[PDB]
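Engineer: Input start28.pdb, format and content: PDB, C-alpha atoms.
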```pdb
ATOM      1  CA  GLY A   2       2.681  11.815  29.958
ATOM      2  CA  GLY A   3       6.318  11.729  28.915
ATOM      3  CA  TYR A   4       8.349   8.738  27.785
ATOM      4  CA  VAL A   5       9.470   5.363  29.039
ATOM      5  CA  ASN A   6      13.113   4.986  28.033
ATOM      6  CA  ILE A   7      13.768   1.256  27.636
ATOM      7  CA  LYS A   8      17.216  -0.245  27.189
ATOM      8  CA  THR A   9      17.378  -3.985  26.621
ATOM      9  CA  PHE A  10      20.624  -5.934  26.728
ATOM     10  CA  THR A  11      22.119  -8.254  24.117
ATOM     11  CA  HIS A  12      22.196 -11.865  25.335
ATOM     12  CA  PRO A  13      22.434 -15.480  24.052
ATOM     13  CA  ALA A  14      19.153 -17.343  23.425
ATOM     14  CA  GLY A  15      20.058 -20.908  22.536
ATOM     15  CA  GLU A  16      23.233 -22.070  20.833
ATOM     16  CA  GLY A  17      24.011 -19.962  17.771
ATOM     17  CA  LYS A  18      21.130 -17.642  18.689
ATOM     18  CA  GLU A  19      20.753 -14.321  20.479
ATOM     19  CA  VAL A  20      18.507 -11.359  21.110
ATOM     20  CA  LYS A  21      20.101  -8.026  20.234
ATOM     21  CA  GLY A  22      19.708  -5.182  22.711
ATOM     22  CA  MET A  23      17.957  -1.968  21.712
ATOM     23  CA  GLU A  24      17.308   1.506  23.111
ATOM     24  CA  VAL A  25      13.796   2.827  22.485
ATOM     25  CA  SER A  26      11.782   5.738  23.848
ATOM     26  CA  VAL A  27       8.056   4.946  24.087
ATOM     27  CA  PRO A  28       5.274   7.452  24.892
ATOM     28  CA  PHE A  29       3.966   6.221  28.253
ATOM     29  CA  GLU A  30       0.358   5.919  27.110
ATOM     30  CA  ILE A  31       1.403   3.611  24.259
ATOM     31  CA  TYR A  32       3.531   1.614  26.686
ATOM     32  CA  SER A  33       0.869   1.288  29.393
ATOM     33  CA  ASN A  34      -1.862   0.400  26.900
ATOM     34  CA  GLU A  35      -0.025  -2.763  25.861
ATOM     35  CA  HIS A  36       3.369  -4.147  26.788
ATOM     36  CA  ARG A  37       4.921  -7.569  27.124
ATOM     37  CA  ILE A  38       7.664  -8.197  29.668
ATOM     38  CA  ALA A  39       9.029 -11.707  29.243
ATOM     39  CA  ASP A  40      12.754 -11.028  29.546
ATOM     40  CA  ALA A  41      14.709  -9.802  32.579
ATOM     41  CA  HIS A  42      17.374  -8.214  30.366
ATOM     42  CA  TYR A  43      16.145  -4.617  30.364
ATOM     43  CA  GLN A  44      15.932  -1.416  32.380
ATOM     44  CA  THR A  45      13.563   1.536  32.199
ATOM     45  CA  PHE A  46      13.631   5.189  33.215
ATOM     46  CA  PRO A  47      10.957   7.830  32.597
ATOM     47  CA  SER A  48      11.456  11.366  31.241
ATOM     48  CA  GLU A  49       9.548  14.306  29.758
ATOM     49  CA  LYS A  50      11.549  14.108  26.526
ATOM     50  CA  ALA A  51      12.678  11.072  24.512
ATOM     51  CA  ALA A  52      16.199  10.181  25.648
ATOM     52  CA  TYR A  53      16.948   7.763  22.824
ATOM     53  CA  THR A  54      17.282   8.213  19.058
ATOM     54  CA  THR A  55      14.684   5.550  18.280
ATOM     55  CA  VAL A  56      11.300   6.958  19.278
ATOM     56  CA  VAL A  57       8.090   4.933  18.957
ATOM     57  CA  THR A  58       5.417   6.721  16.945
ATOM     58  CA  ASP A  59       2.258   4.634  17.388
ATOM     59  CA  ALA A  60       0.851   1.409  18.828
ATOM     60  CA  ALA A  61       1.841  -0.636  15.775
ATOM     61  CA  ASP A  62       5.445   0.558  15.926
ATOM     62  CA  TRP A  63       5.639  -0.435  19.609
ATOM     63  CA  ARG A  64       4.058  -3.849  19.049
ATOM     64  CA  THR A  65       6.782  -4.494  16.464
ATOM     65  CA  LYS A  66       9.682  -3.304  18.605
ATOM     66  CA  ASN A  67       8.370  -5.038  21.749
ATOM     67  CA  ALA A  68       8.242  -8.340  19.845
ATOM     68  CA  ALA A  69      11.838  -7.891  18.668
ATOM     69  CA  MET A  70      12.791  -8.105  22.354
ATOM     70  CA  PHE A  71      11.574 -11.718  22.584
ATOM     71  CA  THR A  72      12.461 -13.122  19.175
ATOM     72  CA  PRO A  73      15.753 -15.054  19.081
ATOM     73  CA  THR A  74      17.870 -14.435  15.983
ATOM     74  CA  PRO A  75      20.927 -16.197  14.483
ATOM     75  CA  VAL A  76      24.267 -14.745  15.621
TER      76      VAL A  76
END
```
Reformat the file's structure so that it appears as structure tokens.
Structural biologist:
Amino acid sequence: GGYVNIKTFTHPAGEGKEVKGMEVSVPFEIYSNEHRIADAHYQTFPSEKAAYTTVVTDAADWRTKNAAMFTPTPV
């Protein structure tokens, strides 16, 4: 039950490239069903209510947001 409140941190990822940080609240069951942790640049805290403005709605939404944590983008 409740939410996993994930904040990831903006950081360089190759010259001219970066990964932007995000703050997302994910229902714990969606999170525990499938997550990928490949970056150390994040923190998590749990809560009964979503602490962040961006709230994951379903598994597909989370898959998308989780992937945006590992995809380098041009600065």
Engineer: Rank nothing, just name the residue among A:65, A:11, A:34, A:26 nearest to residue 48 (chain A), using all atoms listed in the file.
Structural biologist: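 Closest to residue 48 (chain A) of all the choices is A:26.
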Engineer: Take the PyMOL selection byres ((chain A and resi 66) around 12), run it mentally on this structure, and tell me the resulting residues as a PDB file with C-alpha atoms, in the frame of the given file.
Structural biologist:
```
ATOM      1  CA  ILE A   7      13.768   1.256  27.636  1.00  0.00           C
ATOM      2  CA  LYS A   8      17.216  -0.245  27.189  1.00  0.00           C
ATOM      3  CA  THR A   9      17.378  -3.985  26.621  1.00  0.00           C
ATOM      4  CA  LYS A  21      20.101  -8.026  20.234  1.00  0.00           C
ATOM      5  CA  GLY A  22      19.708  -5.182  22.711  1.00  0.00           C
ATOM      6  CA  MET A  23      17.957  -1.968  21.712  1.00  0.00           C
ATOM      7  CA  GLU A  24      17.308   1.506  23.111  1.00  0.00           C
ATOM      8  CA  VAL A  25      13.796   2.827  22.485  1.00  0.00           C
ATOM      9  CA  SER A  26      11.782   5.738  23.848  1.00  0.00           C
ATOM     10  CA  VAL A  27       8.056   4.946  24.087  1.00  0.00           C
ATOM     11  CA  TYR A  32       3.531   1.614  26.686  1.00  0.00           C
ATOM     12  CA  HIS A  36       3.369  -4.147  26.788  1.00  0.00           C
ATOM     13  CA  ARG A  37       4.921  -7.569  27.124  1.00  0.00           C
ATOM     14  CA  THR A  55      14.684   5.550  18.280  1.00  0.00           C
ATOM     15  CA  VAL A  56      11.300   6.958  19.278  1.00  0.00           C
ATOM     16  CA  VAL A  57       8.090   4.933  18.957  1.00  0.00           C
ATOM     17  CA  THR A  58       5.417   6.721  16.945  1.00  0.00           C
ATOM     18  CA  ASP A  59       2.258   4.634  17.388  1.00  0.00           C
ATOM     19  CA  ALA A  60       0.851   1.409  18.828  1.00  0.00           C
ATOM     20  CA  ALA A  61       1.841  -0.636  15.775  1.00  0.00           C
ATOM     21  CA  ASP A  62       5.445   0.558  15.926  1.00  0.00           C
ATOM     22  CA  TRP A  63       5.639  -0.435  19.609  1.00  0.00           C
ATOM     23  CA  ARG A  64       4.058  -3.849  19.049  1.00  0.00           C
ATOM     24  CA  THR A  65       6.782  -4.494  16.464  1.00  0.00           C
ATOM     25  CA  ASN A  67       8.370  -5.038  21.749  1.00  0.00           C
ATOM     26  CA  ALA A  68       8.242  -8.340  19.845  1.00  0.00           C
ATOM     27  CA  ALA A  69      11.838  -7.891  18.668  1.00  0.00           C
ATOM     28  CA  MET A  70      12.791  -8.105  22.354  1.00  0.00           C
ATOM     29  CA  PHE A  71      11.574 -11.718  22.584  1.00  0.00           C
ATOM     30  CA  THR A  72      12.461 -13.122  19.175  1.00  0.00           C
TER      31      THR A  72
END
```
Engineer: Measuring atom to atom with all atoms listed in the file, identify which of A:10, A:76, A:30, A:3 is nearest to residue 42 (chain A).
Structural biologist: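 Of the candidates, the smallest distance to residue 42 (chain A) is held by A:10.
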Engineer: Tell me which of A:74, A:46, A:54, A:20 sits closest to residue 6 (chain A), counting all atoms listed in the file.
Structural biologist: A:46
Engineer: Let me have the centre and edge lengths in Å, one decimal, of the box along x, y and z around every listed atom of region 56-75 of chain A with 8 Å of margin on each side, as JSON.
Structural biologist:
```
{"center_x": 10.9, "center_y": -4.6, "center_z": 18.5, "size_x": 36.1, "size_y": 39.2, "size_z": 24.1}
```
Engineer: One decimal, in Å: what's the spacing between CA of residue 14 (chain A) and CA of residue 75 (chain A)?
Structural biologist: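 Distance between the two atoms: 9.2 Å.
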Engineer: Counting all atoms listed in the file, which residue out of A:40, A:35, A:49, A:19 sits closest to residue 4 (chain A)?
Structural biologist: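 Among the listed residues, A:49 lies closest to residue 4 (chain A).
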Engineer: Do you have the CA of residue 43 (chain A)-CA of residue 5 (chain A) distance handy?
Structural biologist: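 Straight-line distance from CA of residue 43 (chain A) to CA of residue 5 (chain A) works out to 12.1 Å.
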Engineer: In Å, with one decimal, what is the gap from CA of residue 52 (chain A) to CA of residue 13 (chain A)?
Structural biologist: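 CA of residue 52 (chain A) sits 26.5 Å away from CA of residue 13 (chain A).
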